[PDB]
Structures are given as structure tokens and as C-alpha cells.
């Protein structure tokens, strides 16, 4: 993991970042025992392997809001800590891999097209999709799930179209028996994310987009702990006589 930040730019950032915290401490009269609690918790965050968790929930949304300033395509959202590269490729119309359990849940049928800024369809286009199962678990972040449960790389057809069938995701609770959940518990917050799909959408010559989609009227949609929900990314699926939820969303990519 590298950047090419200059010492001068790190110096300006660190100074107002340290200035920032130091000013909060001064504003609220943080005490020595509060300080000691804060020191222990930071240690616990690392010992709990929760730096990705904590930072993706509480910080990454500002880093996406930066990127969002230079992009004219589909709204992005945070990646979160559960992306895995190289999920198995599937054809343009496919079902995501799932367990027999998973089949008991309302299907979600997700259609659309990857296009450029003018609205031309894109051949070569990929949709990387991943989301939690109805129990709030992600494959590879839970020993009982097949390694690619509800994960996959959809190859859009020559026109950049896809029809991907999955399960309707459910509200997901972040892990809470660790320093991150203890942090939310101690301030009477809640550890919930709205139900959501995660997606990385790509095409030759295009800048990839990392995004999420949520579901209209879904719970926690206006109080996501990760502060990652945007109005533009809320789908409103219609249910068909077959009892499957159906939705169309297209992705629009900026030039790389």
C-alpha cells in the first residue's frame, strides 16, 4: 500500500488532523481518565483486528465524498471491509452462487446496462457484486459459508447488459462484541447498516466505480452507521407474479 504524498502535503495534513483532535480535547475538557480509556480502546481496536471495520464505517465516507467531486458517472459509495478480488466470473445473465438456505429467500432480479457518459452501452464490462446473506454474514468473513457465497464477477454482454439474480439482502448488523461495537454501545448509538448490495463496475478505458445500492423504505436507510447511503442509490424493486423482486439500474462510467 503506497501513495506518493509529498512530505509537505503529509505535514499540512498531520498538522490540521492533530490540530483537529487537540481542539476537540480542548473544547470538551477531556480528562486524564477519559484519555486513558481512549488509549486502551485504540490498543483494543488493533488487538481486535478492527481497523478496517472502524475506519470503513466512520471515515471512508469522507474519502468517497472527495472522489465524488471529480466523477460525473453513477454515484459511488464506500467499499467497506468485505470486498474480495477475483470472485468467479459468471455470464451476462446468471444467478450468484448461494447455499440451499439462501434459496428460501425472496429472489432479487437485478437488470441494467453499463454505459459511458453519453449513454452508449459498453462491451467488455464487468460487474463485481457482493453482499451479505439473510443472516448478516459475508462469505470468507464467516467459517460456515462457501468461499464465494453471494460473490461474483458478471461479464456484461456485447451491449453491456446484465441480468443478475440473487437474494434480497437484509439489514446488516456490524460486529459488536469488539471495540467498535463497544464504542457505539457507550454512546447509545446503534450498530446497523441498511440492507445493501456492493458493486465494482468496470470497462476498458473507463475509470471503475465502487458503489452500493439500497432498498426503498428499508430500515436504517436514514440512519446508516457507515453514513454511506445516498438518495441516488436507493432502488425500488417491483414484485412480480412469480413473487421475485425486480429492479433495473444502469451504471455510467467516467473516462479513465
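Residue numbers count along the first chain shown, from 1. Rigid core: the largest C-alpha set superposing within 1.5 Å between the two forms.
When the other structures are laid on the shown form by the core, the C-alphas of 72 to 80 and 166 to 174 differ in how far they drift in 7 other deposited structures of this protein; the larger average drift belongs to 166 to 174. Comparing 184 to 192 with 38 to 46, the higher mean C-alpha B-factor in the PDB entry belongs to 184 to 192. As the entry records it, the average C-alpha temperature factor is higher for 67 to 75, out of 143 to 151 and 67 to 75. Of all the options 108, 129, 132, 117, the entry's greatest CA B-factor is assigned to 117. Ranked against the other modelled residues of its chain, the C-alpha B-factor of residue 169 as given in the entry falls in the middle third. Ranked against the other modelled residues of its chain, the C-alpha B-factor of residue 203 as given in the entry falls in the middle third. Annotation for residue 209: CA B-factor lies in the middle third of the chain's modelled residues. Residue 97: CA B factor in the middle third of modelled residues in this chain (values from the PDB entry). When the CA B factors of the chain's modelled residues are split into thirds, the value for residue 81 lands in the lowest one.
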